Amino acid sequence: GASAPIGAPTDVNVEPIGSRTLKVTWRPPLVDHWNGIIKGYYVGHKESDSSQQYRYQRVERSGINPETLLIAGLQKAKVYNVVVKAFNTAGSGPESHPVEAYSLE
């Protein structure tokens, strides 16, 4: 039946931009991985040395490439990593490999 995309978003980058904010950018999964229409993404992040689950934010697909998300309100002097997955109507696909960045002032 209907199922989620079968590949991860691509070219994920994470840039510290100061004020405890990270700038996350990424591109869609390979077109042949979409298994339908991409409706949006979930961006997950956590502290690199935490055994907690990733914390996620849902973002709608924009008409722009790459996609961009600012993650602000982070803690001082900690290091984070970020993952992204795409979703279609059915569900969310696999996640990108984490990309790491420090929350810088």
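One rule holds for the numbers: they count along the sequence shown, beginning at 1.
Quick check on the record: does 36-44 or 61-69 carry the larger mean Cα temperature factor? Higher mean C-alpha B-factor in the PDB entry: 61-69.
Going by the mean C-alpha B-factor recorded in the entry, which is higher: 1-9 or 94-102? Averaged over C-alpha atoms, the B-factors run higher in 1-9.
Sorting the chain's CA B-factors, does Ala77 end up in the lowest, middle or highest third? Highest third.
Considering only modelled residues of the same chain, in which third does the CA B-factor of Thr21 rank: lowest, middle or highest? For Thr21, the deposited C-alpha B-factor lands in the lowest third.
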